[PDB]
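Undergrad: experimental coordinates for this protein are included below, preceded by the sequence.
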Amino acid sequence: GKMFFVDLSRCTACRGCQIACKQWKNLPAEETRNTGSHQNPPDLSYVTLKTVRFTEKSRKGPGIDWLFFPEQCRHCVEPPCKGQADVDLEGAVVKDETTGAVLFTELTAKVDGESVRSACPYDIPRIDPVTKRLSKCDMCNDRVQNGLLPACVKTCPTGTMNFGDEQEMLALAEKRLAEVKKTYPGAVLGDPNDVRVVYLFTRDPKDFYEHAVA
Amino acid sequence: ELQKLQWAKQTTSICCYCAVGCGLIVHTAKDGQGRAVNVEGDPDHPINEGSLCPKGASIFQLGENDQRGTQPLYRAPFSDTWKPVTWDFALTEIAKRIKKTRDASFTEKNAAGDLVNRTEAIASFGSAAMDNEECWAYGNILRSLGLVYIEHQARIXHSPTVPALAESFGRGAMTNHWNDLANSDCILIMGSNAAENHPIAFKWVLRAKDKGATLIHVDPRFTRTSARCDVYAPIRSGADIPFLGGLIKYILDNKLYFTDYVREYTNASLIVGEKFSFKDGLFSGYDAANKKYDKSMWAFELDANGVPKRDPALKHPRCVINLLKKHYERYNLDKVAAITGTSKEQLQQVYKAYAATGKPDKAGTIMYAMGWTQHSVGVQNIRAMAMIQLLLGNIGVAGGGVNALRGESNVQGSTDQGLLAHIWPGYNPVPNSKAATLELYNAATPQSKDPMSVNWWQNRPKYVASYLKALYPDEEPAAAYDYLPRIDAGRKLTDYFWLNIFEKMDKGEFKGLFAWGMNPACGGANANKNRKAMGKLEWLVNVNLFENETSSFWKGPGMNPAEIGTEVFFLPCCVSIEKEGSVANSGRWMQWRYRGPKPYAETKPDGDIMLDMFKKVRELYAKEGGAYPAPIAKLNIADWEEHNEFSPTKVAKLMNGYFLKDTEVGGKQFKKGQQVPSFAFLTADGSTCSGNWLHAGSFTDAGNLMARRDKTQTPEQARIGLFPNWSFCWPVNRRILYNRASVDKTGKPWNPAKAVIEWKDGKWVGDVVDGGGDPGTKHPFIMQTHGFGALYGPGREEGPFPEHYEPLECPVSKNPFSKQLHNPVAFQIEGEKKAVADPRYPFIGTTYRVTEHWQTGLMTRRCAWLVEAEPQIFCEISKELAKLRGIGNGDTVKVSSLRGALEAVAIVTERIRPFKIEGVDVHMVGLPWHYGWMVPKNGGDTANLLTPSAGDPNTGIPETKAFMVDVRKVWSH
Ligand SMILES: Nc1nc2c(c(=O)[nH]1)N[C@H]1C(S)=C(S)[C@@H](COP(=O)(O)OP(=O)(O)OC[C@H]3O[C@@H](n4cnc5c(=O)[nH]c(N)nc54)[C@H](O)[C@@H]3O)O[C@H]1N2
Ligand SMILES: Nc1nc2c(c(=O)[nH]1)N[C@H]1C(S)=C(S)[C@@H](COP(=O)(O)OP(=O)(O)OC[C@H]3O[C@@H](n4cnc5c(=O)[nH]c(N)nc54)[C@H](O)[C@@H]3O)O[C@H]1N2
Ligand code: SF4
Ligand code: SF4
Ligand code: SF4
Ligand code: SF4
Ligand SMILES: [S]
Ligand SMILES: [W+6]
């Protein structure tokens, strides 16, 4: 089915992807404050399916390694969120067999949410404490099925975001890895055989975020 | 199909934010009769290819915002509350105020008995946010009312760029365009944070890098731009001339300049007079008492025939190039490093990297903006880089040029339409009092007796005459020229500019102000002065999208509504996607956009507001008469109208211009009514009208060339991304300016792989040639009097060569280059204190932007998604400063200058580090200026509380990029 290749060597942390996701879905805004960082909202939530994490790491000589990470559901080929959810109720987490989208339904309200989240290696699912429904990135499956790019892929100015067939995007990922590896020797693809959102990290993925890789 | 977009009509627009000019697709409900349901990028637009930064991507939420103004509001003198009123009430009462105020302050003759026909007691601010047709129209309306105090964003933005690049190249505009960045071999970003401030531009910057380019960011801070660059060097704020002058020395000293290019295409050969000297920070001709230069001392030595003398061997001691080497020999890495804070190692690496584009088959571009412009030495910052591009043969070539990045979507276009005190549309100077007649006006225009020097400005009489025929087509140009208002020849131009307007306003000398699509209570430097000064107005007409700090200054912080007698009319306009028109991007690309939704509630397009407002003024002058009512009565507003609404189309056609009678021009036959095909076909005799001569070509008999959406290119056009058939750029679709410098004597490209033009079969192919004529037969800089790229630029107020001067508020008390600490002719106001190496304000202040917010934040502080990402004012400080002041990351701090004080949350980061300046650590405090007291709660107020009302002697731009502050921990709550 489909795959994203996310080239973090070209991210400007413009947060176009963050805004594009909310515009397409018409998601409400969280109430945020500055706690000493550009990062906001601080975390994924029921109404934030993608936020850009900002981490400052050191390098030799002038400046810093500024690591940007637009976090989203990885759309796992064999998703543990679905395994866990199916114990309580099937239909709460379904797979689109054409796109590869892992999709949450209203039926997540009737499963143990803390368990679905705890089942996720990348710690992605968020619960509405009011309604008990779970939310995450739905791969803009709606748009994809009508042949369009996800909102966040269409909006990206830089070539960080790429989307299409699994075969194309793995080939692009390996090509871009070899090229980027010259500028950045610690660069790696994130769990490329297990997910449909393959990130190119410019150094140790953990530096980007605790749950960047499984 | 998609549920969201299914019964909605698709239309195209262009982004209402930055000058990149990104393409938008807009979906409007009930196939056009309802509200916008979606806004995203246009996948077919050649610049953004469907990309949007978060400002563009949240336009939907701007358009469909419930905090938007619904209808006109009235604030009575000493009132603490708004009264909803009708458009009929608001616009009739404003006309009465306009008329009353004009009658009481209209000066026919000045002190000296010269004719001026001007209103002294009304000023207008704005706007680069309005369409090109509304900008042109607004300026003609204001001038028909006899206003001279006409300003907008441009004054406090790129005002230095215009005289800087015009002195250097003849034009003041961005020399290439956005797609051309992909052709560069070295992109120097400096005075610019383009990944944040021109995001879609980084698409082309990173494509340059994909194909071998080196990316260099030189900035006081490590930014989102720095992270995606190959080389990052720090530089202290207001220390850019040292850096650039160091690079000039390095280029010359190592013979890395392009010899042939420099010899033939620049003024390197020209001989400078014996009167020109420089001694310890002063050029020849300094009047110490008037704080003014006698530019006569800087003239070229002329041959008998009027032409400046040349030594092609570059041997004569008073050759421009030999005087250049002499000037910048003092800029050695040791002295530049001590004053910039930039290490010798790092200077050497940036210089080596950028200087290598000296080769003919290489192109280095500079991307610069507010980091260079917003200084007392703003203009000289830009000259210095303009000089570097000429030494390296980078002007005219693909992947080269001076990319002065324009800010607002139509600031280029609003400057084009002469919404500044000193210019009419088409950059014709506003006439001064000594210009008693149209002949004396045109007699100022310099002339050349060099056969190769095109000196295209010689055609001015045609443009000035066609413009006056655009306003007043039933009157002789000689007669119409007496209707338009004049400035005093005695006074400095800066007496008519932004900063002095607020000084005058604060002494009670203004009764009326149009804040039209601007927010000067947040955008104007020294906001406290501005907020007090607006209190001294009789009336204020604020036209904007939302209630704001300008509209409601009377209930702002430390304000008692009951003490303030200002009458305020708030008039709500439409957003960009609710109206049709054109906007001029940084590339001069004049792009046409379409109506999506109908105007929200009872909001009105700017054009419709100003036309209706003017119709009430004229109608009132017919009834009861008053001061000199001719220019009002006779102004051609018939051609601005169709179906009893403003017609952007008809105005665009008038701005292009057409024939008033059948005539014969340039060896061709034209029939009355036909559109003027180009500015070459305009006439001084009164047979052609044209609102703006740069627009001559934009709307022909062929049709609206601004609305062309054709990606078709020749193979040589496609190789450098020219997209000649996508919209239209001025002048006459020349996508890369000065492209005649991109070929040798015979017309062969310097860089054949990336050719702009080329002589092939008795024609230029590629880009429209900038200056007609066979190879070798003309000088390639056609807008220059002498036709050459100016290394020596004798028209500039502080001298013909950039020299280092410390900012008006600086951390040092001694300039290591001279005895002249400050710019010797700096624009200052009497008795405004400056903090210079003062222990009470020991820290460098600067102000700058983030990706998520636009300008003062009037617009984006209303967009919940942009507030979500950047909720409050922050203060960026180093780890070392935070240690010294006991400030932790996330702590509240107080930033203070001599002018004001504000609270912000501290961001402690290695992205800022001390500057080692003369063996002493100097700390910098950085603030965004996107915040104001009205929205959101806990957001904070403008950094412009801190910024000084002093700046560039040429243009009156304030020094918002380098001043002095303290920062202190706040212990409250
Ligand atoms: N996101 C966003 N984009 C915008 C705007 C906005 O408000 N937000 N506004 C638009 C407008 S109107 C304009 S004109 C442009 C402005 O575009 P920019 O020039 O990018 O704007 P700034 O971020 O104000 O300043 C640029 C950089 O100059 C650095 N700097 C400060 N002082 C100095 C100095 O003395 N020397 C040097 N070399 N650098 C210095 C600052 O640290 C900052 O990183 O952006 C346009 N686009
Ligand atoms: N300290 C500091 N001060 C600065 C700067 C800086 O870098 N530092 N930058 C300077 C620069 S480059 C600029 S350009 C100025 C900006 O100063 P201002 O122009 O006062 O800024 P805003 O008003 O925030 O932004 C433009 C306005 O256009 C309005 N607008 C949008 N669409 C329309 C429309 O269709 N019609 C009308 N009538 N209005 C519309 C918006 O509502 C908004 O109020 O600030 C300058 N001031
Ligand atoms: S839109 Fe692209 S460049 Fe911008 S933050 Fe998101 S991934 Fe990075
Ligand atoms: S990333 Fe987490 S929530 Fe997303 S598919 Fe994989 S296990 Fe499920
Ligand atoms: S794919 Fe769609 S839902 Fe997922 S992050 Fe992108 S825009 Fe949001
Ligand atoms: S703000 Fe500028 S870069 Fe962003 S979408 Fe608008 S025009 Fe493009
Ligand atoms: S601007
Ligand atoms: W600007």
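TA: Yes, it's here. Residues are numbered from 1 along each chain as shown, chains lettered A, B, ... in the order given. Ligands and ions are numbered 1, 2, ... in the order given.

Undergrad: tell me the SS of the residue of the stretch 751-900 of chain B found nearest ligand 4?
TA: Going by C-beta to the nearest ligand atom, ligand 4 is nearest to residue B:868 of the stretch 751-900 of chain B, at 22.6 Å. Using the backbone N, CA and C atoms, a C-beta is placed for each residue, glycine as well. Following DSSP: H, G, I helix; E, B strand; the rest coil, residue B:868 is assigned to helix.

Undergrad: I'd guessed it sits against residue A:33; true?
TA: No: applying C-beta atoms under 8 Å as the test, residue B:868 and residue A:33 come out as separate, 10.6 Å apart.

Undergrad: as a check, name the ranges of all helices in chain A.
TA: A:16-25, A:80-88, A:113-119, A:141-145, A:151-155, A:166-183, A:205-208 (DSSP state H).

Undergrad: which non-adjacent residue is nearest the residue of the stretch 751-900 of chain B closest to ligand 4?
TA: Spatial nearest neighbour of residue B:868, chain neighbours left out: residue A:29 (4.1 Å); criterion: C-beta to C-beta, 6 or more residues apart in numbering or on different chains.

Undergrad: CA-only coordinates of the host helix or strand of residue B:465 in CSV, if you can.
TA: When secondary structure is defined by DSSP states H and E, residue B:465 falls within helix B:460-471. Only the C-alpha atoms of helix B:460-471 are listed here, as CSV (Å, rounded to 0.1, in the frame of the first residue of the first chain):
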residue,chain,number,x,y,z
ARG,B,460,10.6,60.5,-17.7
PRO,B,461,8.7,63.4,-19.3
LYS,B,462,6.5,60.8,-21.1
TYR,B,463,5.7,58.9,-17.9
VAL,B,464,5.1,62.0,-15.8
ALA,B,465,2.9,63.5,-18.7
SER,B,466,1.1,60.1,-19.2
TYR,B,467,0.5,59.9,-15.3
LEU,B,468,-1.0,63.4,-15.3
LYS,B,469,-3.2,62.4,-18.3
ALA,B,470,-4.2,59.3,-16.2
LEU,B,471,-5.5,61.6,-13.4
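
Undergrad: make a markdown table out of the helices of chain A and add distance to residue B:574.
TA: Putting these into a markdown table (distance: least, C-beta to C-beta, whole Å) gives the following:
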| stretch | distance to residue B:574 |
| --- | --- |
| helix A:16-25 | 20 |
| helix A:80-88 | 46 |
| helix A:113-119 | 45 |
| helix A:141-145 | 29 |
| helix A:151-155 | 25 |
| helix A:166-183 | 42 |
| helix A:205-208 | 43 |
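
Undergrad: so which of those gets nearest ligand 4?
TA: Comparing the helices of chain A by C-beta to the nearest ligand atom, helix A:80-88 comes nearest, at 3.0 Å.

Undergrad: just checking, what packs against the closest one?
TA: Applying 3 or more C-beta pairs under 8 Å, 6 or more residues apart in numbering or on different chains; DSSP states H and E, we find helix A:80-88 packed against strand A:93-95, helix A:113-119.

Undergrad: neighbours of residue 111, how many?
TA: If you meant another chain, say so; for now it's chain A. 22 (other C-beta atoms under 10 Å in any protein chain shown).

Undergrad: correction: the question concerned chain B.
TA: Considering only other C-beta under 10 Å, residue B:111 is surrounded by 10 other residues.

Undergrad: what is the burial count for whatever residue of chain A ends up closest to ligand 7?
TA: Closest contact between chain A and ligand 7, by C-beta to the nearest ligand atom, is at residue A:14 (19.2 Å). As a burial measure, residue A:14 scores 29 neighbours (other C-beta under 10 Å).

Undergrad: next SSE after the helix holding residue B:465?
TA: Next along from helix B:460-471, by DSSP H and E: helix B:477-480.

Undergrad: what are the buried residues along that following helix?
TA: Across helix B:477-480, burial judged by 16 or more other C-beta atoms under 10 Å in any protein chain shown covers B:477, B:480.

Undergrad: which elements pack onto it?
TA: Packing partners of helix B:477-480 (3+ C-beta pairs under 8 Å, 6+ apart): helix B:460-471.

Undergrad: let's see it at 10 Å
TA: helix B:438-444, helix B:460-471, helix B:630-634 (3 or more C-beta pairs under 10 Å, 6 or more residues apart in numbering or on different chains; DSSP states H and E).

Undergrad: residues contacting the most centrally placed residue in chain A?
TA: Centroid-nearest residue in chain A, with C-alpha atoms, centre = their mean: residue A:72, separated by 1.9 Å. The contact partners of residue A:72, by C-beta atoms under 10 Å, 6 or more residues apart in numbering or on different chains, come to A:4, A:6, A:17, A:21, A:44, A:49-51, A:122, A:124, A:136-139, A:150, A:152, A:197, A:199.

Undergrad: which of those residues come close to chain B?
TA: When contact is defined as C-beta under 10 Å from any C-beta of the partner chain, the contacts of residue A:72 meet chain B at A:17, A:21, A:51, A:152.

Undergrad: wait, what's in contact with the closest residue to residue B:357 other than its chain neighbours?
TA: In space, and not counting its chain neighbours, residue B:357 is closest to residue B:364: 3.3 Å by C-beta to C-beta, 6+ apart. If a contact means C-beta under 10 Å, 6+ apart, then residue B:364 has B:184-188, B:213-214, B:216, B:353-358, B:388-389, B:392-394, B:397, B:399-401 as its contacts.

Undergrad: re earlier: buried deepest among the helices and strands packed on helix B:477-480, which one?
TA: Stretch with highest mean neighbour count among the helices and strands packed on helix B:477-480: helix B:460-471 (a mean of 24; mean count of other C-beta atoms under 10 Å in any protein chain shown).

Undergrad: by contact count, what packs against that helix?
TA: Helix B:460-471 sits against helix B:132-144, strand B:423-424, strand B:428-429, helix B:438-444, helix B:477-480, helix B:648-656, strand B:688-689, with contacts defined as 3+ C-beta pairs under 10 Å, 6+ apart.

Undergrad: ok, 8 Å please
TA: Counting contacts by 3+ C-beta pairs under 8 Å, 6+ apart, helix B:460-471 is packed against strand B:428-429, helix B:438-444, helix B:477-480, strand B:688-689.

Undergrad: now the angle from that helix to helix B:132-144?
TA: 90 degrees (axes from the mean of the first three to the mean of the last three C-alpha atoms, to 10 degrees).

Undergrad: contacting residues around helix B:460-471?
TA: Taking contacts as C-beta atoms under 8 Å, 6 or more residues apart in numbering or on different chains, the residues outside helix B:460-471 that touch it are B:140, B:144, B:424-426, B:428, B:438, B:441-442, B:445, B:475, B:477, B:480-481, B:483-484, B:635-636, B:654-655, B:657, B:660, B:676, B:679, B:682-686, B:688-693.

Undergrad: thinking again about what came up before, who does the residue nearest to residue B:357 form a beta bridge with?
TA: residue B:186 (DSSP bridges).

Undergrad: from residue B:415, how far out is it?
TA: 26 Å (C-beta to C-beta, to the nearest Å).

Undergrad: what of residue B:137?
TA: Applying C-beta to C-beta to residue B:137 and residue B:415 gives a distance of 16 Å.

Undergrad: ok so, going back, which of the ones next to chain B among the contacts of residue A:72 sit farthest apart?
TA: Farthest-apart pair in the ones next to chain B among the contacts of residue A:72 is A:51 and A:152; separation 11.5 Å (C-beta to C-beta).

Undergrad: now do the shared contacts for those two.
TA: Common contacts of residue A:51 and residue A:152 (C-beta under 8 Å, 6+ apart): A:18, A:70.
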